[PDB]
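K.L.:
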Amino acid sequence: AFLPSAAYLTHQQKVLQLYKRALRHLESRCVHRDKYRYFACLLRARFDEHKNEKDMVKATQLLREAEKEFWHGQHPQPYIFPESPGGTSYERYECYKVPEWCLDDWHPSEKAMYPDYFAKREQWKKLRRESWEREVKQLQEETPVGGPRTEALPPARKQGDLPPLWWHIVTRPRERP
Amino acid sequence: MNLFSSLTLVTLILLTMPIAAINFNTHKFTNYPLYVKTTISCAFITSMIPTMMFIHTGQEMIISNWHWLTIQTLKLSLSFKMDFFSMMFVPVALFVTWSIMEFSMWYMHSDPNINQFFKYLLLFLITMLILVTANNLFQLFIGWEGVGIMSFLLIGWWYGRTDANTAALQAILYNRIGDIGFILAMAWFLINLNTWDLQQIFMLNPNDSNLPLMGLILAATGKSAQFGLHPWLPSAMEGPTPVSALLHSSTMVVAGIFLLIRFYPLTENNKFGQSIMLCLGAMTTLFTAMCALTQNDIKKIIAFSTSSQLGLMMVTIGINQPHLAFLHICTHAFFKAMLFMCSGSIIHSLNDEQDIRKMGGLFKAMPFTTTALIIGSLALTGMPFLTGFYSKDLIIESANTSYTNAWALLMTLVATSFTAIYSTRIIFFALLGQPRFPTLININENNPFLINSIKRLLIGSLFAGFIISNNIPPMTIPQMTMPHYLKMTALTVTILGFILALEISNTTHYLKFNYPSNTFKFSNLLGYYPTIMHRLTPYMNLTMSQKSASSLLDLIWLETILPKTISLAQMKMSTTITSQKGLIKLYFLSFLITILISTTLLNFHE
Amino acid sequence: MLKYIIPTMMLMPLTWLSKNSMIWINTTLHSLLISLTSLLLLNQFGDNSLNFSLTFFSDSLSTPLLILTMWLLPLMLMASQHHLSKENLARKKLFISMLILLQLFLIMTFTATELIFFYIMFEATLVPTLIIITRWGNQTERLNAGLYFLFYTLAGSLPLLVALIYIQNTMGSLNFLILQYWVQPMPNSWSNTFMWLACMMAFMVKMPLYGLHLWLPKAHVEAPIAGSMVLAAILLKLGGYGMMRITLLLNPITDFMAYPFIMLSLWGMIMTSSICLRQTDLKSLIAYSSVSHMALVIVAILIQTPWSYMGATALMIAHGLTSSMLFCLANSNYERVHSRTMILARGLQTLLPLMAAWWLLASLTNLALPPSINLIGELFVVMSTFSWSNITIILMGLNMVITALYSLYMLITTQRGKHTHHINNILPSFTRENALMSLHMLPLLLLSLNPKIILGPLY
Amino acid sequence: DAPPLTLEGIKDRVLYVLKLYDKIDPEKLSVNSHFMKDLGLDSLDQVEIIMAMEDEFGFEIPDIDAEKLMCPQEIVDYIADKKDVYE
Amino acid sequence: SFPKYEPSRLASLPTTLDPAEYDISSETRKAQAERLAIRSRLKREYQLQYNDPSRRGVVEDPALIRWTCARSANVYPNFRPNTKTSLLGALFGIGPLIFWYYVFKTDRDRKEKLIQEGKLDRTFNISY
Amino acid sequence: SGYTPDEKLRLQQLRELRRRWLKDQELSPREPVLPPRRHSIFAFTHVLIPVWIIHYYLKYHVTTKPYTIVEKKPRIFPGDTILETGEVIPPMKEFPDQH
Amino acid sequence: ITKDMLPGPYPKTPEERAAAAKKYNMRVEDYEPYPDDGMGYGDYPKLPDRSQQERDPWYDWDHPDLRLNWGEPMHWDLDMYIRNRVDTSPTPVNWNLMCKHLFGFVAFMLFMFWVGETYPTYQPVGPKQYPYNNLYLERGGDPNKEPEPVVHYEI
Ligand SMILES: CCCCCCCCCCCCCCCCCC(=O)OC[C@H](COP(=O)([O-])OCC[N+](C)(C)C)OC(=O)CCCCCCCCCCCCCCCCC
Ligand SMILES: CCCCCCCCCCCCCCCCCC(=O)OC[C@H](COP(=O)([O-])OCC[N+](C)(C)C)OC(=O)CCCCCCCCCCCCCCCCC
Ligand SMILES: CCCCCCCCCCCCCCCCCC(=O)OC[C@H](COP(=O)(O)OCCN)OC(=O)CCCCCCCCCCCCCCCCC
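Sequence order for the protein chains is P, D, L, C, H, A and B.
Using our numbering, the first residue of the first sequence is number 1, and each one after it goes up by one.
Using our numbering, the first residue of the second sequence is number 1, and each one after it goes up by one.
Using our numbering, the first residue of the third sequence is number 1, and each one after it goes up by one.
Using our numbering, the first residue of the fourth sequence is number 1, and each one after it goes up by one.
Using our numbering, the first residue of the fifth sequence is number 1, and each one after it goes up by one.
Using our numbering, the first residue of the sixth sequence is number 1, and each one after it goes up by one.
Using our numbering, the first residue of the seventh sequence is number 1, and each one after it goes up by one.
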């Protein structure tokens, strides 16, 4: 479907995703632990019965009828984790995730309350502006002609330099700011 | 007289002081929530004195202190009304919000904007006390819009969350349809009776009062979340737990019932409005209880529960028992707020988990909240001689022995059984059994704030129904002669619901699997009402907004008719005029033709 | 009225003889002094108007509009001095001069006792605004906006000149004090039908009416901030003042000649609010909201009842203040992010909290939160239209629901949600922007304490 | 509320959960033992392991990151990155 | 069997019930590779403009400008008056105006006729 | 399968930088460097003073104007005694007892 | 920006269609403009009309709240298909079945309310009796007239 590094989903990936969704929905229908354990073992036996099938069209039809079976017997509202999308506390703390570039607009009167922190911030910014040209030069010669094929980034090959495009995924805000 | 009005107005001024205290502050306030809590406790005492005066003598007054405006004949003044309803509701609301703010001191302790949260809570309380003490319809509308706006600001407290914004906007939309109803009623009263003050409305007493009553019924449907405009109340669970526990449980959502209570001289002479209210209330209570039967979120269960209780309030309004309806408001506030507080305690102890499928084994792990939850569910279901017994059984007894719609009574009884069913469903899935929560256990309830607030609301839910029902004066004739089966209807129905849901839970415990039915999907998915309406009506409205108004009319056709056609006509005429070939022979031929036309065809030489 | 005209024309040598850095300080200071001086017009009587001279008078309708104009001028001086920072000094003085000249024409317009002098000033107001829009506007289509605005106004207003001269020749005078006592019934004929159309279409265009509103989302959008403020706050109310003054001569033919425009303006506000629901531009959304509110004022004037007139003048003043504040807030966002798209810069409450509070207050007054004077005007118009007919309550309730919807959609889109990742030039709010917001907000909130001074001449 | 986490506690808890699995001999697994090769497990065993660790720590690991969690050290590093520990 | 999921305008078909999802033919693989290449190239452009330490402003998105220009400033150049446009304009432009005109005219005629006979109760009406 | 070696190397280096950045977010013991900046007064400042002001306002400015504080007349039962007139309201009739 | 990146009129030849597909950053085979009926769309692509809720929530979007990518072609009704507005996600029940079930429930409840209004419940009692001519003077009747005497006897 929508993948950063791959253009498609393999057959085994589809089977594993179906297995996880079916087990989660069966846990939702079977709220007690022992009952869920019993029916999870039954579902695991059903999945292991057709594990060794070499016919591609037959495995595809088995997957399609399994997806139809899951859609007929899904929970009207399954159990979603609190931080998972669709959860009760999903994206709750996004109002407190202030980006780090707002510290450059602070008044010097309130910058004096944290001298050592702002010194460390200054040396971090010095490191970033020193490494930017090296990392973009590394990225320029590693992309094949015609643009990149996937969205994966390369690491730093030699010693001393940081991986390319590292700033906004290292300085991201914490989960609980 | 000089103590009554002084103490009422100083209660209101005492409540409004901390808003000015926080607005004129420079440094960080030293424990501002404690200051607000102390202020509310003092205001509760100060408002508790005039209710003792009213209980002793019956002293009701009206204070029209500040003259505001005079629009020809109509005169608007800052008028407050101390009557039975205001004195019986203000201390209950102040008590409940005192407990809620102590619970908020425990609950929102780690929030970096706790001062803004307490300011918003105090603003909501100020607007609600403006609502319940209002005399004319303008001040009532001010309180109406104030509690609506505070609900919008408090539901979307975590404004970085999209679902909070959707819930807040949806609540605003339904309350604005209620505002349509309120505006229609106020307009009818001004046009036909030439007043907005309630005294002249009650004095003139119109007979053909169908239209303002339907306006008020629509407004109460919007505000109290009756059928048709219900789903904003269960959608409003996106906010913090104290916001729910105050507004969407005990104080804000009873404003429509209160508005219909205040106009009881108008509705007492109209059988049509009474039948409409009875049918709407029965529909609301049964539909919301049926939806509550198969929910898994605990806060959604309690939201559907309080919507069902509001439907019961609309029923007992519709059977011409408005004082019983007010008694049920004052009863229901205590145990509904404390049920929400205990649910919030369970949520906080299990790392923000609101699912009852990930609970259990909390009977001995959290004993105080377990005790309070059991007491609250028993008081909600109608256990004898608790707080709910003194209002709910009288409602059922009056509904049985009255000239009533048969179907409305039937769905009222079935909804009572369903309330019993979901109460014991909550108790079973949240306390009994084996633990289902994650492995690491940080269960704690040893905070003085949470314990003290739950304790105060527990004492209230134990004795307040008895005290209030023994202190109020008799404003009607209580029906106390009935057959044996009609006297035991409420208790037998609740017992039957308890037995049915105990058997349902026992069958759930078995090692069998069954595919879901259409009834289960109808009850679990809220009767397909939000999934159809919230996908269909916004689609039609927004497509009509863009494809018809924004593009077809003013970007295409209103631009076509007046300016563009005129511009093209002038362009074409200009290109025809200036396309001469610059030959003198053609110009002089045109001169000859002009002379001939003027001489012969136009007769300019006559 | 010469005690306000003469300091206004003396503002011109003040801005043309100041230093290179002291033009804003001097002009703002002395305009604020004249704005304080403008409170002496509140000497109104319950029976007679305040008649100064043969040419000038000021009753209780023109007084709030005058005070609004003279208070609005220093706000535009404070607002327009950031985007004119790098401009040439002579062009800066020319901009301030056009603002001064527009204020002079506006204060001579509301006090004109003669109707032809009112017409002359009311069409003299066209030139400074057209020059401001087409010169200091930022976009390509400011020229097209100026052409549309100019030609809509002139095509609407030339028959008004012809009809006013006809009234002068037939009745003998255009003095408004004379015409109150010398008025005659206007019978039903085709001649009087076209008299009504000629006398009404200029102010129907300027207000604007639905269907004649096509110039507004252009002139309100391609103008600079000061131009947008003076277009939304004052210039739309010239049409309202004109219909309030001119309806006296058009009776009893108004009672059936007002039907098509009542249907145009009752249905028009639903269409414009629905347009507001699906707008990708913030400035265009504010302009269409202005169209809806002026449609409300059109209906109130056309049904001609006392409650409708009081609601109309209160709603005019309230919408002027609210629209000016909303345009100022949108301009501050535009200065921060250099784009007018509503979906681009999101989640600004985490970065600009007090500006978010100002946004919330402006949105709350936009949807008529009681007891603001917005709600007072809207409520009085609703009562009078209910007295007119009962299904008007259905139309008004639908309009109120959509108005709350788009105001909160504005607020939730711009201020709430997750912030834009790649935008990192969100500077903290200046003291100038906050002072501008508070000077828009505090009079609006204070007027709820004494709302009797904005309720027209028949309070 | 919300007690903090460390790499030692994360590793101890993840090894506890993996030790309670009946299909893994507890005297053989370590912090960097592979699943398909060093322990002889199927892909379904990996899926059930990932679901068990999700239930243990109370947060959901997406599938596009779950397919690549192949030894206990990568599970520890993924949880440490997602919960921002050692700050 | 099981009841087949019928899609609607407001309830799309799920991606796990689509028969075209399970296609393994090389044309669809080539199409998916081309789409991934376009997406990765655009993401590389955005992240190059995004992580620049010397940039302080707005990374301009031509897609958003394209969307706003299409929504606003293209409708009249790409408008041709035909049967469909004129029919929809007459339905949505003069339809509701005529309908509301006749409704309000009928109501006001009935009220004004009832008033002049003294059949309408106007006892306390002195506000208008 | 698992990560590629390049994915593993990039993840390792990014995790090291992330942990260093998160460590650098801690506070020094001297931070923040703050600049150098009647038991029952609540029952007096918040109750007694507003009660004085409100009683003054109601006594000398609200009760002066007519029909500002309209109070319901007291409920009168048989057997009572009026303060102002001194009269005694007669008791009601004899009861025809049934119980 | 330039005038060759902005939208244009409806493409007729495959050459301008390919140029437009390259302009909007999409494949030529997947690029479908709106039909040329004169509504005013131009060559803007017709994207599959799905809400942003149907997007993958675990993908690293450039705009995470909108689930939108930088440079990607933006839908014509994107401000309508945001997560704050109209949803098009699949439902556990078929749409027609939910419509018929809800409508049948509402209609049945209304019919039974009407039936219960037709045949109400009551108690085996007579009318309530009030003294003093059914409280004639207390109900607001004027005292200068005299009403018809309402007399209640014992039983
Ligand atoms: C912070 C410290 C301040 C100073 C502290 C020390 C002094 C404190 C004061 C001590 C007592 C002073 C004398 C008593 C007070 C004044 C008495 C007096 O004559 O007052 C003149 C009058 C009394 O009314 P009036 O009847 O005499 O005149 C009304 C005015 N006209 C006729 C023009 C309409 O005004 C006031 O009292 C004003 C204050 C009112 C207080 C409440 C304000 C509420 C605002 C709400 C706005 C929106 C309302 C919307 C709803 C309206 C209804 C539908
Ligand atoms: C913004 C666009 C829309 C603008 C709309 C403007 C108004 C529309 C109607 C205007 C009519 C013209 C002015 C009439 C003034 C009437 C004064 C008077 O005394 O009337 C009674 C007089 C009566 O004549 P009299 O007064 O000399 O005679 C004495 C009276 N009787 C008849 C009893 C003996 O009316 C007229 O003389 C004729 C009036 C009708 C004129 C029709 C031609 C104009 C048609 C409309 C043109 C509108 C603008 C078009 C261009 C738009 C832009 C491109
Ligand atoms: C006693 C009488 C009883 C009468 C009852 C019958 C009459 C009333 C019938 C119901 C009318 C209102 C309900 C329908 C519209 C509801 C819109 C709404 O708020 O939808 C909620 C939705 C977000 O919620 P949801 O989708 O559930 O979120 C789940 C997680 N994403 O939010 C959105 O999708 C955002 C949508 C924003 C734009 C909304 C546009 C539609 C507005 C319609 C207004 C209609 C007013 C009619 C007034 C008539 C006056 C005479």
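Every residue gets a Cβ at the ideal spot worked out from N, C-alpha and C, and that includes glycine.
1) Nearest to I253/L by CA position, among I303/L, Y119/L, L54/L and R278/L, is which residue?
2) Please list the partners that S551/D has in chain H, where partner means a Cβ-to-Cβ separation under 8 Å.
3) Does ligand 2 have a heavy atom nearer than 6 Å to the CB of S191/L?
4) Is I22/D close to chain L? Criterion is C-beta to C-beta, closer than 7 Å.
5) Compare the beta carbon distance of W68/D and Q170/D with 7 Å and say whether it is the shorter of the two.
6) For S86/H, does the three-state DSSP call read helix, strand or coil?
7) Are there any heavy atoms of ligand 2 lying less than 6 Å away from the beta-carbon of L427/L, as far as the coordinates show?
8) What does a CB cutoff of less than 8 Å around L398/L pick up in its chain, not counting 5 residues either side in sequence?
9) Closer than 6 Å to a non-hydrogen atom of ligand 3 - does that hold for the CB of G160/D?
10) Run through chain B and tell me which residues come within less than 8 Å of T280/L, C-beta to C-beta.
11) I'd like the ranges of any beta strand (DSSP E) spanning at least 3 consecutive residues and lying wholly in the segment 54 to 117 of chain P.
12) Residues of chain P with CB closer than 7 Å to the CB of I64/C, please, in chain order.
13) Please report the distance separating the alpha-carbon of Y259/L from that of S265/L.
14) Do you know offhand how far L11/L's Cα is from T16/D's?
15) Quick check on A187/D: does DSSP put it in helix, strand or coil?
16) Do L154/D and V96/D have their C-beta atoms closer together than 7 Å?
17) Indicate whether at least one CB of chain C lies closer than 7 Å to the CB of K20/P.
18) Taking C-beta pairs closer than 7 Å, name the residues in chain C that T439/D reaches, listed in chain order.
19) May I have the straight-line CA-CA distance separating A119/P from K23/A, to the nearest angstrom?
20) Who are the Cβ neighbours of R121/P in its own chain at under 8 Å, not counting the five residues just before and after it?
21) What are the residues in the segment 65 to 98 of chain P lying within 7 Å of chain B by C-beta distance?
22) Classify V31/C as buried or exposed, calling it buried when 16 or more other Cβ atoms lie within 10 Å of its own Cβ.
23) Does the beta carbon of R38/A come closer than 7 Å to any beta carbon on chain D?
24) Mind listing the chain D neighbours of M98/B? Cutoff is C-beta to C-beta under 7 Å, in chain order.
25) Under 6 Å from any heavy atom of ligand 2, does the C-beta of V205/L make it?
26) For a contact defined as C-beta to C-beta under 7 Å, what are the partners of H419/L on chain H?
27) Where DSSP assigns a beta bridge to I126/D, which residues make up the other side?
28) Is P538/D near ligand 4, in the sense that its beta carbon is under 6 Å from a heavy atom of that ligand?
P.N.:
In short:
1) For the purposes of this step, residue 253/L is identified with residue 253 of the third sequence, where counting begins at 1. Nearest C-alpha to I253/L: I303/L.
2) To locate residue 551/D, count along the second sequence from 1; it is residue 551. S551/D reaches chain H at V75, counting residues in chain order whose Cβ is nearer than 8 Å.
3) Locating residue 191/L in the third sequence gives position 191, where the first residue counts as 1. Taking 6 Å as the cut-off, one finds at least one heavy atom of ligand 2 near enough to the beta carbon of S191/L.
4) Numbered from 1 along the second sequence, position 22 holds the residue referred to as residue 22/D. Answer no: the Cβ-Cβ gap between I22/D and chain L never drops below 7 Å.
5) Residue mapping note: residue 68/D aligns to position 68 of the second sequence, counting from 1. Residue mapping note: residue 170/D aligns to position 170 of the second sequence, counting from 1. No; because the gap between Cβ atoms is not below 7 Å, this pair is not in contact.
6) One-based indexing of the fifth sequence puts residue 86/H at position 86. Note: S86/H maps to helix in three-state DSSP.
7) Working through the third sequence from its first residue, we reach residue 427/L at position 427. Relative to ligand 2, the beta carbon of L427/L is positioned no closer than 6 Å to any heavy atom.
8) Stepping through the third sequence from its first residue, residue 398/L is reached at position 398. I270.
9) Position 160 of the second sequence, counted from the start, is the residue given in the question as residue 160/D. For ligand 3, not one heavy atom lies less than 6 Å from the Cβ of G160/D.
10) By one-based count along the third sequence, residue 280/L stands at place 280. Taking a Cβ-Cβ threshold of 8 Å, the residues of chain B close to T280/L are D79, in chain order.
11) Listed in chain order, there is nothing to give.
12) Counted from its first residue, the fourth sequence places residue 64/C at position 64. For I64/C, the chain P residues whose C-beta falls within less than 7 Å of its own C-beta are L3, listed in chain order.
13) Reading the third sequence from its first residue, position 259 is the one you call residue 259/L. Reading the third sequence from its first residue, position 265 is the one you call residue 265/L. If you take the alpha carbons of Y259/L and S265/L, they lie about 10 Å apart.
14) Indexing the third sequence from 1 puts residue 11/L at position 11. Indexing the second sequence from 1 puts residue 16/D at position 16. Inter-residue distance for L11/L and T16/D is about 45 Å (C-alpha atoms, whole angstroms).
15) Along the second sequence, one-based indexing puts residue 187/D at 187. If DSSP states are grouped into helix, strand and coil, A187/D belongs with the helices.
16) Walking along the second sequence from the start, residue 154/D turns up at place 154. Walking along the second sequence from the start, residue 96/D turns up at place 96. Going by C-beta atoms, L154/D is not nearer than 7 Å to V96/D.
17) Locating residue 20/P in the first sequence gives position 20, counting from the first residue. Closer than 7 Å to some Cβ of chain C, the Cβ of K20/P qualifies, so yes.
18) In the second sequence, residue 439/D corresponds to position 439, counting from 1. At a beta-carbon threshold of 7 Å, the residues of chain C lying near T439/D are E56, ordered along the chain.
19) Numbered from its first residue, the first sequence carries residue 119/P at position 119. Numbered from its first residue, the sixth sequence carries residue 23/A at position 23. Taking the straight line joining both Cα atoms gives about 14 Å.
20) For the purposes of this step, residue 121/P is identified with residue 121 of the first sequence, where counting begins at 1. Setting aside the 5 residues that flank it on each side, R121/P is surrounded in the same chain by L103, each with a C-beta closer than 8 Å to its C-beta; the list follows chain order.
21) The segment 65 to 98 of chain P vs chain B, Cβ under 7 Å: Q74, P76 and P85.
22) To locate residue 31/C, count along the fourth sequence from 1; it is residue 31. Label assigned to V31/C: exposed.
23) Here residue 38/A refers to the residue found at position 38 of the sixth sequence. Not an interface residue.
24) Mapped onto the seventh sequence, residue 98/B falls at position 98. The answer, in chain order, is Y528, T531 and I532.
25) In the third sequence, the residue the question calls residue 205/L occupies position 205. Yes - ligand 2 has a heavy atom lying nearer than 6 Å to the Cβ of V205/L.
26) In the third sequence, counting from the first residue as 1, residue 419/L sits at position 419. Neighbours of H419/L on chain H: none; closest Cβ ~13 Å, over 7 Å.
27) Within the second sequence, residue 126/D is the residue found at index 126, counting from 1. The bridge partners DSSP lists for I126/D come to none.
28) Absent from the structure shown: ligand 4. Ligands present: ligand 1, ligand 2 and ligand 3.
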